[PDB]
file model.pdb (PDB, C-alpha atoms)
ATOM      1  CA  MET A  56       0.000   0.000   0.000  1.00  0.00           C
ATOM      2  CA  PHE A  57       2.293   2.798   1.180  1.00  0.00           C
ATOM      3  CA  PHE A  58       5.674   2.132  -0.463  1.00  0.00           C
ATOM      4  CA  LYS A  59       4.199   0.688  -3.633  1.00  0.00           C
ATOM      5  CA  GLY A  60       6.651  -2.051  -4.559  1.00  0.00           C
ATOM      6  CA  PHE A  61       9.749  -0.106  -3.502  1.00  0.00           C
ATOM      7  CA  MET A  62      12.332  -2.242  -1.707  1.00  0.00           C
ATOM      8  CA  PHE A  63      15.921  -1.471  -0.782  1.00  0.00           C
ATOM      9  CA  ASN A  64      18.454  -4.092  -1.844  1.00  0.00           C
ATOM     10  CA  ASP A  65      19.669  -4.723   1.698  1.00  0.00           C
ATOM     11  CA  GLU A  66      17.098  -6.612   3.745  1.00  0.00           C
ATOM     12  CA  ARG A  67      17.907  -5.102   7.143  1.00  0.00           C
ATOM     13  CA  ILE A  68      17.896  -1.557   5.751  1.00  0.00           C
ATOM     14  CA  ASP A  69      14.474  -2.137   4.203  1.00  0.00           C
ATOM     15  CA  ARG A  70      12.992  -3.687   7.337  1.00  0.00           C
ATOM     16  CA  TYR A  71      14.316  -1.025   9.701  1.00  0.00           C
ATOM     17  CA  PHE A  72      13.341   1.893   7.465  1.00  0.00           C
ATOM     18  CA  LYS A  73       9.787   0.692   6.952  1.00  0.00           C
ATOM     19  CA  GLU A  74       9.398  -0.285  10.612  1.00  0.00           C
ATOM     20  CA  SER A  75      10.478   3.220  11.616  1.00  0.00           C
ATOM     21  CA  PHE A  76       8.051   4.741   9.119  1.00  0.00           C
ATOM     22  CA  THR A  77       5.088   2.663  10.274  1.00  0.00           C
ATOM     23  CA  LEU A  78       5.943   3.177  13.948  1.00  0.00           C
ATOM     24  CA  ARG A  79       6.342   6.959  13.805  1.00  0.00           C
ATOM     25  CA  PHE A  80       2.977   7.524  12.091  1.00  0.00           C
ATOM     26  CA  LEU A  81       0.945   4.653  13.543  1.00  0.00           C
ATOM     27  CA  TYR A  82      -1.930   6.874  14.697  1.00  0.00           C
ATOM     28  CA  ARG A  83      -1.417   9.872  12.407  1.00  0.00           C
ATOM     29  CA  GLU A  84      -3.981  10.640   9.716  1.00  0.00           C
ATOM     30  CA  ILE A  85      -3.028  10.737   6.046  1.00  0.00           C
ATOM     31  CA  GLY A  86      -2.767  14.288   4.767  1.00  0.00           C
ATOM     32  CA  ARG A  87      -4.449  13.796   1.409  1.00  0.00           C
ATOM     33  CA  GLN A  88      -8.067  12.892   0.730  1.00  0.00           C
ATOM     34  CA  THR A  89      -7.262   9.347  -0.409  1.00  0.00           C
ATOM     35  CA  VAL A  90      -4.632   6.683   0.183  1.00  0.00           C
ATOM     36  CA  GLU A  91      -3.441   6.725  -3.441  1.00  0.00           C
ATOM     37  CA  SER A  92      -2.302  10.355  -3.278  1.00  0.00           C
ATOM     38  CA  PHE A  93      -0.627   9.763   0.086  1.00  0.00           C
ATOM     39  CA  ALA A  94       1.041   6.631  -1.299  1.00  0.00           C
ATOM     40  CA  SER A  95       2.324   8.552  -4.321  1.00  0.00           C
ATOM     41  CA  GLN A  96       3.757  11.276  -2.089  1.00  0.00           C
ATOM     42  CA  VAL A  97       5.423   8.705   0.176  1.00  0.00           C
ATOM     43  CA  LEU A  98       6.890   6.858  -2.806  1.00  0.00           C
ATOM     44  CA  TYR A  99       8.228  10.090  -4.305  1.00  0.00           C
ATOM     45  CA  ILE A 100       9.847  11.140  -1.034  1.00  0.00           C
ATOM     46  CA  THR A 101      11.395   7.683  -0.671  1.00  0.00           C
ATOM     47  CA  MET A 102      12.781   7.638  -4.215  1.00  0.00           C
ATOM     48  CA  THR A 103      14.215  11.152  -4.014  1.00  0.00           C
ATOM     49  CA  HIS A 104      16.080  10.484  -0.748  1.00  0.00           C
ATOM     50  CA  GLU A 105      17.032   6.862  -1.454  1.00  0.00           C
ATOM     51  CA  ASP A 106      20.763   7.607  -1.430  1.00  0.00           C
ATOM     52  CA  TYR A 107      20.653   9.403   1.920  1.00  0.00           C
ATOM     53  CA  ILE A 108      18.587   6.540   3.344  1.00  0.00           C
ATOM     54  CA  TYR A 109      21.142   4.038   2.055  1.00  0.00           C
ATOM     55  CA  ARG A 110      24.103   5.879   3.563  1.00  0.00           C
ATOM     56  CA  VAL A 111      22.407   6.667   6.879  1.00  0.00           C
TER      57      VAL A 111
ATOM     58  CA  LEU B 223     111.965   1.622 -24.731  1.00  0.00           C
ATOM     59  CA  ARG B 224     108.253   0.811 -24.547  1.00  0.00           C
ATOM     60  CA  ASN B 225     105.360   2.850 -25.948  1.00  0.00           C
ATOM     61  CA  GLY B 226     101.609   2.373 -26.082  1.00  0.00           C
ATOM     62  CA  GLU B 227      98.264   3.837 -27.043  1.00  0.00           C
ATOM     63  CA  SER B 228      94.692   3.259 -25.897  1.00  0.00           C
ATOM     64  CA  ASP B 229      91.204   4.114 -27.118  1.00  0.00           C
ATOM     65  CA  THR B 230      87.703   3.504 -25.789  1.00  0.00           C
ATOM     66  CA  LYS B 231      84.155   4.448 -26.752  1.00  0.00           C
ATOM     67  CA  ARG B 232      81.301   3.697 -24.346  1.00  0.00           C
ATOM     68  CA  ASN B 233      77.814   4.664 -25.519  1.00  0.00           C
ATOM     69  CA  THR B 234      74.700   4.016 -23.425  1.00  0.00           C
ATOM     70  CA  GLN B 235      71.073   4.826 -24.232  1.00  0.00           C
ATOM     71  CA  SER B 236      68.313   4.422 -21.661  1.00  0.00           C
ATOM     72  CA  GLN B 237      64.536   4.717 -21.446  1.00  0.00           C
ATOM     73  CA  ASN B 238      62.314   5.074 -18.385  1.00  0.00           C
ATOM     74  CA  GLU B 239      58.552   4.942 -17.921  1.00  0.00           C
ATOM     75  CA  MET B 240      56.529   5.234 -14.720  1.00  0.00           C
ATOM     76  CA  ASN B 241      52.733   5.127 -14.464  1.00  0.00           C
ATOM     77  CA  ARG B 242      51.470   6.030 -10.994  1.00  0.00           C
ATOM     78  CA  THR B 243      47.770   6.169 -10.120  1.00  0.00           C
ATOM     79  CA  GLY B 244      45.805   6.587  -6.912  1.00  0.00           C
ATOM     80  CA  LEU B 245      42.336   7.013  -5.460  1.00  0.00           C
ATOM     81  CA  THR B 246      41.581   8.540  -2.054  1.00  0.00           C
ATOM     82  CA  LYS B 247      38.106   8.540  -0.494  1.00  0.00           C
ATOM     83  CA  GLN B 248      37.382  10.614   2.610  1.00  0.00           C
ATOM     84  CA  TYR B 249      34.141  10.053   4.516  1.00  0.00           C
ATOM     85  CA  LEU B 250      32.709  13.029   6.404  1.00  0.00           C
ATOM     86  CA  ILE B 251      29.328  13.529   8.035  1.00  0.00           C
ATOM     87  CA  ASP B 252      29.221  17.068   6.617  1.00  0.00           C
ATOM     88  CA  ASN B 253      28.792  15.517   3.169  1.00  0.00           C
ATOM     89  CA  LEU B 254      25.763  13.448   4.194  1.00  0.00           C
ATOM     90  CA  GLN B 255      23.914  16.529   5.444  1.00  0.00           C
ATOM     91  CA  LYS B 256      24.543  18.256   2.114  1.00  0.00           C
ATOM     92  CA  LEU B 257      23.390  15.079   0.343  1.00  0.00           C
ATOM     93  CA  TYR B 258      19.841  15.274   1.665  1.00  0.00           C
ATOM     94  CA  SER B 259      18.123  17.699  -0.702  1.00  0.00           C
ATOM     95  CA  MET B 260      20.084  17.272  -3.942  1.00  0.00           C
ATOM     96  CA  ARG B 261      17.342  15.155  -5.507  1.00  0.00           C
ATOM     97  CA  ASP B 262      14.457  17.187  -4.089  1.00  0.00           C
ATOM     98  CA  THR B 263      15.893  20.443  -5.433  1.00  0.00           C
ATOM     99  CA  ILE B 264      15.169  19.211  -8.974  1.00  0.00           C
ATOM    100  CA  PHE B 265      11.407  19.460  -8.553  1.00  0.00           C
ATOM    101  CA  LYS B 266      11.313  22.822  -6.781  1.00  0.00           C
ATOM    102  CA  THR B 267      12.189  24.418 -10.120  1.00  0.00           C
ATOM    103  CA  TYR B 268       9.604  22.293 -11.929  1.00  0.00           C
ATOM    104  CA  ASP B 269       6.904  23.241  -9.426  1.00  0.00           C
ATOM    105  CA  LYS B 270       7.725  26.955  -9.417  1.00  0.00           C
ATOM    106  CA  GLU B 271       7.325  27.489 -13.166  1.00  0.00           C
ATOM    107  CA  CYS B 272       5.379  24.694 -14.847  1.00  0.00           C
ATOM    108  CA  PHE B 273       2.469  24.069 -12.466  1.00  0.00           C
ATOM    109  CA  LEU B 274      -0.482  25.935 -10.991  1.00  0.00           C
ATOM    110  CA  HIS B 275      -0.116  27.497  -7.558  1.00  0.00           C
ATOM    111  CA  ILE B 276      -3.660  28.203  -6.299  1.00  0.00           C
ATOM    112  CA  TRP B 277      -5.844  25.411  -4.907  1.00  0.00           C
TER     113      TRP B 277
END

call {"tool": "encode", "arguments": {"input": "model.pdb", "output": "structure tokens"}}
result
Amino acid sequence: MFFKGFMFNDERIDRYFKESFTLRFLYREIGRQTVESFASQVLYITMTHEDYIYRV
Amino acid sequence: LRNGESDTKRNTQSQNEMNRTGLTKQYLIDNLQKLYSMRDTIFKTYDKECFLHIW
């Protein structure tokens, strides 16, 4: 749903990043009207900062 | 009575060639902080000019 088919090559990096994402915003409400727009925004933000995520 | 004569000719030619290469990588945290918004900065110029700005 949220990161639509976007997976980092390393398994631990992927698991920790997505666990942090789903833990930080567990009870927060999506900003946009629908889940597709929110998913697109999340995917864009992930793709743009993929290198920083990898290094960090 | 003894005489003599000598003669020599020594001729040397040489060639050298040295090919030295290197590669140094320094890791600093200051570079990671500057890394953050390089990709995002692309679409701030796209949004400013090409798209509508009022809801």

call {"tool": "atom_distance", "arguments": {"input": "model.pdb", "atom1": "CA of residue 267 in chain B", "atom2": "CA of residue 102 in chain A"}}
result
17.8 Å

call {"tool": "residues_around", "arguments": {"input": "model.pdb", "residues": "range 249-259 of chain B", "least_positions_apart": "3", "cutoff": "12 Å", "atoms": "only C-alpha atoms", "output": "ChimeraX atom specification"}}
result
/A:100-111 /B:246,262-266

call {"tool": "atom_distance", "arguments": {"input": "model.pdb", "atom1": "CA of residue 98 in chain A", "atom2": "CA of residue 60 in chain A"}}
result
9.1 Å

call {"tool": "atom_distance", "arguments": {"input": "model.pdb", "atom1": "CA of residue 93 in chain A", "atom2": "CA of residue 58 in chain A"}}
result
9.9 Å

call {"tool": "closest_residue", "arguments": {"input": "model.pdb", "among": "B:226, B:261, B:239, B:231", "to": "chain A", "atoms": "all atoms listed in the file"}}
result
B:261

call {"tool": "resolve_selection", "arguments": {"input": "model.pdb", "expression": "the PyMOL selection byres ((chain A and resi 71-73) around 12)", "output": "PyMOL selection string"}}
result
chain A and resi 57-59+61-63+65-70+74-81+97-98+101+105+107-109+111

call {"tool": "axis_aligned_box", "arguments": {"input": "model.pdb", "around": "range 74-86 of chain A", "padding_each_side": "6 Å", "output": "lines of an AutoDock Vina configuration file"}}
result
center_x = 3.2
center_y = 7.0
center_z = 9.7
size_x = 26.5
size_y = 26.6
size_z = 21.9
